[PDB]
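Colleague: Chains as they are written, first to last, in our numbering: chain A, 15 to 159; chain B, 243 to 523; chain C, 451 to 1093; chain D, 5 to 294.
All C-beta atoms in this analysis are idealised placements derived from N, C-alpha and C, irrespective of residue type, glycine included.
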Amino acid sequence: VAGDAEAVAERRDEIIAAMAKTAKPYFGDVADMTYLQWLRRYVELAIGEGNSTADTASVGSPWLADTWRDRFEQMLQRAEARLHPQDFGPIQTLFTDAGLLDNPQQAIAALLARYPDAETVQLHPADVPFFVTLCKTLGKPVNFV
Amino acid sequence: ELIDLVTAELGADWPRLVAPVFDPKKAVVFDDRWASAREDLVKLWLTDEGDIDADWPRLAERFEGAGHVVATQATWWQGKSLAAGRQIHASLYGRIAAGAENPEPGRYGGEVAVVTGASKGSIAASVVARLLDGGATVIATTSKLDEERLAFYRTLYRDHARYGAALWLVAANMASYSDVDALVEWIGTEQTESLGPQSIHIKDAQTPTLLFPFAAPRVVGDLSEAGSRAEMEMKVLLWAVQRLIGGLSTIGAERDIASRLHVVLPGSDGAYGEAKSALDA
Amino acid sequence: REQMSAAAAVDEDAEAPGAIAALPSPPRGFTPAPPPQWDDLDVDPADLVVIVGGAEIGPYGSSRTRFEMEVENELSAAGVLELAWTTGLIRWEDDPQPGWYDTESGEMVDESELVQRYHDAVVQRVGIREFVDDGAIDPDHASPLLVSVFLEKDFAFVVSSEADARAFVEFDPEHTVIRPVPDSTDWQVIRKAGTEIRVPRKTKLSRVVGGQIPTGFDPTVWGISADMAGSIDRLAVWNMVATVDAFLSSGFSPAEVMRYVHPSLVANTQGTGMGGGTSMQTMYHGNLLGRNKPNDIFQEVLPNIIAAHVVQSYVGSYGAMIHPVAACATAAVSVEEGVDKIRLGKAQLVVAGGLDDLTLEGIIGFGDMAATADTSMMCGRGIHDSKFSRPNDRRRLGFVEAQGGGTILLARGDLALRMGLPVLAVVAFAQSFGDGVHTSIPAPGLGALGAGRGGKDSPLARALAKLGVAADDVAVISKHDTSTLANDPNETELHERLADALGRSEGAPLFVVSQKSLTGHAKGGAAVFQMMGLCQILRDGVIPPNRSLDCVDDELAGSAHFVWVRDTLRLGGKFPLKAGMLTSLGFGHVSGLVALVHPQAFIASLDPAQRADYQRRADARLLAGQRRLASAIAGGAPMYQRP
Amino acid sequence: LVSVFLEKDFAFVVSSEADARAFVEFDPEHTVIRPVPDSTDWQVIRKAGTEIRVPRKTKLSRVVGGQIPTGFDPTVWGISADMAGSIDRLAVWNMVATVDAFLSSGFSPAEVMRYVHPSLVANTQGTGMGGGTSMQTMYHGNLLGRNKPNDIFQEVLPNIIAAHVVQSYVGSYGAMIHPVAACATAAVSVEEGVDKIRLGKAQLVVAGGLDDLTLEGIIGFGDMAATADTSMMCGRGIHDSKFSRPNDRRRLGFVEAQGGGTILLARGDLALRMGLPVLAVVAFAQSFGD
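1) Between the Cα of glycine 725 (chain C) and those of C:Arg741, C:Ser700, C:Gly736 and C:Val687, spot the shortest distance and give me the residue it belongs to.
2) Excluding the 5 residues flanking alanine 517 (chain B) on each side, which residues of the same chain have their C-beta closer than 7 Å to its C-beta?
3) Along the alpha helix (DSSP H) that carries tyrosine 119 (chain D), what are the first and last residues, could you check?
4) Straight-line CA distance for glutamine 433 (chain B) to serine 826 (chain C)?
5) Across the region 87 to 94 of chain D and the region 254 to 261 of chain D, are there enough close Cβ pairs to call them in contact, namely three or more that are closer than 8 Å?
6) Under 9 Å between beta-carbons, which chain A residues line up against residue 1133 (chain C)? List them in chain order, please.
7) Can you pull the DSSP bridge partners for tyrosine 551 (chain C)?
8) What residues from chain C crowd round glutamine 100 (chain A), counting only those whose CB sits closer than 8 Å?
9) Helix, strand or coil, according to DSSP, for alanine 617 (chain C) in the structure here?
10) Interface residues of chain C around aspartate 273 (chain B) at Cβ under 7 Å?
11) For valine 357 (chain B), tell me which candidate among B:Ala340, B:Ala378, B:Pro347 and B:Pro345 has the shortest Cα-Cα distance.
12) When you compare each of C:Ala1054, C:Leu1046, C:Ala866 and C:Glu941 to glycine 895 (chain C) by their alpha carbons, which one comes out closest?
13) Would you be able to state if there are at least three C-beta pairs under 8 Å between the region 799 to 815 of chain C and the region 919 to 934 of chain C?
14) Could you tell me which of C:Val658, C:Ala972, C:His945 and C:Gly918 sits nearest to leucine 960 (chain C), measuring between CA atoms?
15) Under 9 Å Cβ-Cβ, which residues of chain D neighbour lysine 603 (chain C)?
16) What are the uninterrupted segments assigned as alpha helix (DSSP H) that are 4 or more residues long and contained completely in the region 41 to 107 of chain D, given in chain order?
17) Using a cut-off of 8 Å between C-beta atoms, extract the partners of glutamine 986 (chain C) located in chain A.
18) For the region 230 to 276 of chain D, which segments carrying the alpha helix (DSSP H) assignment without a break, of at least 4 residues, lie completely within its bounds, in sequence order?
19) Helix, strand or coil for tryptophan 298 (chain B), going by three-state DSSP, please let me know.
20) Give the residues from the region 833 to 848 of chain C that approach chain D closer than 7 Å (Cβ to any Cβ), ordered along the chain.
21) With C-beta atoms as the reference, is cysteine 1001 (chain C) less than 9 Å away from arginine 845 (chain C)?
22) Pull up the distance between the alpha-carbon of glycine 740 (chain C) and that of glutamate 624 (chain C), whole angstroms please.
23) Please specify which runs of the alpha helix (DSSP H), each continuous and at least 4 residues long, are wholly inside the region 564 to 589 of chain C, giving them in chain order.
24) Check the Cβ of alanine 1007 (chain C) against every Cβ in chain B and list those closer than 7 Å, keeping chain order.
25) How is the alpha helix (DSSP H) around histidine 402 (chain B) delimited, first residue to last?
26) I'd like the ranges of any alpha helix (DSSP H) spanning at least 4 consecutive residues and lying wholly in the region 493 to 540 of chain C.
27) Which full runs of the alpha helix (DSSP H) of 4+ residues lie inside the region 153 to 185 of chain D, going along the chain?
28) Under the assumption that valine 978 (chain C) contacts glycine 856 (chain C) (Cβ atoms under 8 Å), give the Cβ distance between them as a whole number of angstroms.
29) Please report how far the alpha carbon of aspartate 31 (chain D) lies from the alpha carbon of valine 597 (chain C), in whole angstroms.
30) Is the CB-CB distance between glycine 132 (chain D) and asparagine 718 (chain C) below 9 Å?
31) Between the Cα of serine 1041 (chain C) and those of D:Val103, D:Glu29 and D:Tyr177, spot the shortest distance and give me the residue it belongs to.
32) Just the C-alpha distance for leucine 1046 (chain C) and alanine 925 (chain C), rounded to the nearest angstrom, thanks.
33) Find the nearest neighbour of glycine 974 (chain C) within the set C:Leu1006, C:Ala466, C:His930 and C:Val963, judged by alpha-carbon distance.
34) With 9 Å as the threshold, decide whether the Cβ of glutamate 561 (chain C) is near any Cβ in chain E.
35) Where does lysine 362 (chain B) fall in DSSP's three states?
36) For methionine 180 (chain D), which residues in chain C fall below 8 Å Cβ to Cβ?
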């Protein structure tokens, strides 16, 4: 397929099936995702079960890379700044670089406790190129497509 | 030769300090109370019942001089408040209707007052507020008339107005004898504007009774101006106000004899000595 | 001095350690007022005409930004983004990095900085303001002026042929002398005394204030191609913009309508007001100056051909196309003919509306007519630029002209139920009128009260009683109110007569809404402004203010029912609004009434399982429409794709 | 098309100093100013690059058409001379046609007002374009300085034709709808009159429409080229009265004519109750798109 723009959109779904078969899969359609669904899919791809036995950054930190953990904190902070009902001012955020950020499950549940509409409100159309150029940059390459 | 004569004698900025501002096309009339009364009846329904007791006499007494229409609409809101079950609001609208029925003219009935120098947060502004609260016809002068001051005087009227009160608002420099003479001619003879096909009646004719010269001279301090300023402000007090009292006493002279104008002078240790020196001329 | 120096200078600074920015919120659904309460209606939804879509284009752009500036006097972040996208201040590019870029300087703007860096620019570009030329031509071509000089002298010439010289001197030869020049291979005419030559001096009356479209409105950013914008008249361009806005704001395509009904049951009654005044003066100026105008613009300059372009391009409907001209009630008469076509059964989805334009010829003719606001007179009275239009005010001296209009989408309640469509209002009554014998033209019209003959037996009261709306339930009057000396107190008299003809209880208030102070008097496209305003009022519950009012005029004081509003009354669940009344007193003896009822009449007509499924589908379509606008505002996949 | 550039003397007229200054307001960067006290004015003299409009007006002759009878005097009906002078001739023709229809079927609108209420009588005469001759008359008066009335920009509108008809003749308060489709205005006015009667909004509707060919009309239609070219048809050898030949092998476009008229729709109940001459029974009226 590769290198052929029209052939990509021709056999798109076959590529999705083959990547879901292999161990570096695709997302859903990211422009249709909910913020809660977005963060849970990222944690499912990166951490998963806490089951990995290869080259961790330390013991007790489930992230395989510092670029992956600040990837996750920038997605959390844009979820904050996007779902809050204000468009101007600096606002007190959560996630002050702690074990609450080192544990991803309690990080997500602390978001949904404050913002209940993170379960329903879908993703803004300008956060998709944010997410692509966020995954593009200069670190350990990411665990998905 | 003449301009540097005036520069050496009076000052460099003399024509812009003395330049005439007054123009009778820019006079603003604020005599609508029935409309703001109806809108205030609406927003009393919009405000909750918990904050009515905080202003229960004041809200009962704002609607004293109003119309038959405001009375009937107050009874309509009373009926709807009885149907909804707002017992405070029902008695409030009954009180408003009973008060708005009353026809008698107020404390300051027909006292055509002229107040000079009423800015935001000032004693002259509070005097204008109490005169409108009595129900007078106030003529306020001011320096420049723009959007901020227009909103200020409009909210001042719609807050403090009562029975038949009217507020007229003109832009007049209180350091120009041309403006003082034009202002007393305007308060004297009428102003009828005419367009092409027909005419418009604006100002009837007015003879004053009060006078309040609270004219603040100037707030400028970035010029090192004190030598010319120390006589220019003394002009702005003394000869401006006695030219003013001469004109306002003149305009209702031969029409209404035994009708006497009334002046209240303000005197504001050394400032009190300057005030007493301003007095005993 | 010594206890003022201490506290003010050493005032400490405290900044929060978290301190994350604020971003413009993602598109969430509408939050309407808590709806009122009335009983189930025995009316079947086959006998209801509802307003499903609607969009406009005027001095504030779309109806979203116009209503936001109408209520809260300032734009939201989405409105700033929409106007900066529309007026060309911001493009989306992705070659250095995907993001919005500035037009003139080209930098990655931050979403947190959008309002604080672009609010003042769009507030300058948008509103009632001084006439700014957007034709890229010389302003010294179209003005009446008198010249009559007589010339007795030499005529220096150009290289023409002998036949062209002879055809020039065909009219000449009794008033002239002919001399051949072989060096230029022509002749030379030389005319005697009495010969006048046109020496066109073009004057300039400056500072016309008006209600123009936003400066730098680029309709190509919607998706209309450049050759389309160049060849086709700009009224038809605006009509395409408004129509695709209405369909993609209520979440359609016409393809779904063609799936559910036959193409002969869809009509289009967009009667454009005058029809290319700018286009006709462009034709004649190209004819004089020799500009290569197309040789079919005399064919396709006609006012029906605007919506015929709309039919032959976009909707493809075979149905009954009726284009009316009353020149200040075209939208109103198009709406009432669309609704009585639906009352017949001739159609089931009608696209109604109308558009306008002010020309140089328009402003010169209206200045010669002298019922508009004279700029010299109003600046003599000392009124700023944004407050010339002042209806129900003591210092009013004529109307302000604006350009724009739009479209609304009428549909039958059966289609609304079967497709699940967002009902914005329920049309209960739409009607036009004449005025009768008045030979003296400054005598105004009053005969729009024929809708209320008989009291409770009148057809207006009977239609409102069919929908379950009593006489006191009519709450808001969106008056015509052009801010002239004539049409305000008599229209106050007209609504007073309709109120006590319908048998209004004594002292029930009527909220007077008049947004001509906000927009201006777009001539035949004003009823679309009024209907979008009244639909949005019945949605949100708020009442907009008349911000250009200072003192209510005296002779209005006899009206026993009106409430002139000066501040945004936010009626939540405190005072429910159930109906509304428009008027349009058009040019030259024409009047128009149309009532509107809150959409819970439509929700109360049907049965209590289909109402739940209907609310699901309609909310889904509204949300999908506005997030499709958000996808078009950010990424791409533009609106108006042409196969 | 004329474009000549002039570098020479400008002989002038007695104007004021202020009028001369207002003339040379646009000028002063392309010219020289010289005052003349003997004429109490100035004189502008403009350099090279200065173009002057030198309007030559061509003549395409022998247009064949369908005009109104030559010497049609509508004053002989009864319309006054000031009415004919001030009011547009489309509205003049509309008054003629309407009084012809009423006095040919034997009415007055007064009898209609006797038998029904004035809000049940309408007027839906949507005139086709609306004063093309009137608009070019306005602009030619504006250029040449003819003292045109200062309200003709107001009352030039196409609805105002039948609004003159209502404010003068019929006096009906009813639903006035004026449509423009520019070759089916009469048809769409008739179908909107009949479905208003099918509603019950009216019981007597005056429908119709009118047209006019202008010099602008014939020039624009000649540039559009779907009309009959006089040179082509005289090359084919066809006489003056037979250019319009539908369903013929030698047809090459339509012939334009001016006119129109009015018809009077009424409900059968009024027809029976007043005894009116029914000329036809309308069974179906409908418009369509494509």
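Modeller: The short version:
1) Closest by alpha carbon: C:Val687.
2) Closer than 7 Å at the Cβ level, and outside the excluded window around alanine 517 (chain B), lie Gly509 and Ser510.
3) Where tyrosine 119 (chain D) is concerned, the enclosing alpha helix (DSSP H) stretches over 113 to 119.
4) So the alpha carbons of these two residues sit roughly 20 Å apart.
5) Put simply, the region 87 to 94 of chain D does not touch the region 254 to 261 of chain D. Fewer than three CB pairs are less than 8 Å apart.
6) The requested residue 1133 (chain C) does not occur in the structure, where chain C is confined to residues 451 to 1093.
7) Beta-bridge pairing links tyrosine 551 (chain C) to C:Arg541 and C:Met558.
8) Per Cβ cutoff of 8 Å: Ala472.
9) Three-state DSSP puts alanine 617 (chain C) in a helix.
10) Within chain C, the residues whose beta carbon sits less than 7 Å from that of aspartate 273 (chain B) are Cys1001, listed in sequence order.
11) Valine 357 (chain B) has its Cα closest to that of B:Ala378, out of B:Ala340, B:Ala378, B:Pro347 and B:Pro345.
12) Among C:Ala1054, C:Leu1046, C:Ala866 and C:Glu941, the Cα nearest to that of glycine 895 (chain C) is on C:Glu941.
13) The answer is no - the region 799 to 815 of chain C does not touch the region 919 to 934 of chain C, with fewer than three Cβ pairs under 8 Å.
14) Nearest in C-alpha terms to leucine 960 (chain C), of all of C:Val658, C:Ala972, C:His945 and C:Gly918, is C:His945.
15) In chain order: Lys12, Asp13 and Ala15.
16) Counting only runs of 4 or more, we get 85 to 90.
17) Going along chain A, no residue has its Cβ under 8 Å from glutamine 986 (chain C), so there is no contact; the nearest lies around 21 Å.
18) Counting whole runs of 4 or more residues, the region 230 to 276 of chain D contains the alpha helix (DSSP H) stretches 234 to 240.
19) Note: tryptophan 298 (chain B) maps to helix in three-state DSSP.
20) Per Cβ criterion, the list is empty.
21) Yes; because the gap between Cβ atoms is below 9 Å, this pair is in contact.
22) Cα to Cα, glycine 740 (chain C) sits roughly 28 Å from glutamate 624 (chain C).
23) Every alpha helix (DSSP H) stretch that sits fully inside the region 564 to 589 of chain C and reaches 4 residues is listed by chain position as 564 to 575.
24) Neighbours of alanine 1007 (chain C) on chain B, chain order: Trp276.
25) Residues 389 to 402.
26) Counting only unbroken stretches of 4 or more residues, the alpha helix (DSSP H) elements lying wholly within the region 493 to 540 of chain C are 513 to 522 and 527 to 536, in sequence order.
27) Within the region 153 to 185 of chain D, the complete alpha helix (DSSP H) runs of at least 4 residues are 163 to 169.
28) Yes, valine 978 (chain C) and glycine 856 (chain C) are in contact; Cβ-Cβ is about 4 Å, under 8 Å.
29) When the Cα atoms are used, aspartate 31 (chain D) and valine 597 (chain C) turn out to be separated by approximately 16 Å.
30) No; because the gap between Cβ atoms is not below 9 Å, this pair is not in contact.
31) Proximity to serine 1041 (chain C) across D:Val103, D:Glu29 and D:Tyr177 peaks at D:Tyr177, based on C-alpha coordinates.
32) In a straight line, the C-alpha of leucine 1046 (chain C) is about 11 Å away from that of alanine 925 (chain C).
33) Nearest of C:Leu1006, C:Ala466, C:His930 and C:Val963 to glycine 974 (chain C), Cα basis: C:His930.
34) The question asks about chain E, but that chain is absent: this structure's protein chains are A, B, C and D.
35) Coil, per DSSP.
36) By Cβ distance, chain C contributes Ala776, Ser882, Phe883, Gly884, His1039 and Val1040.
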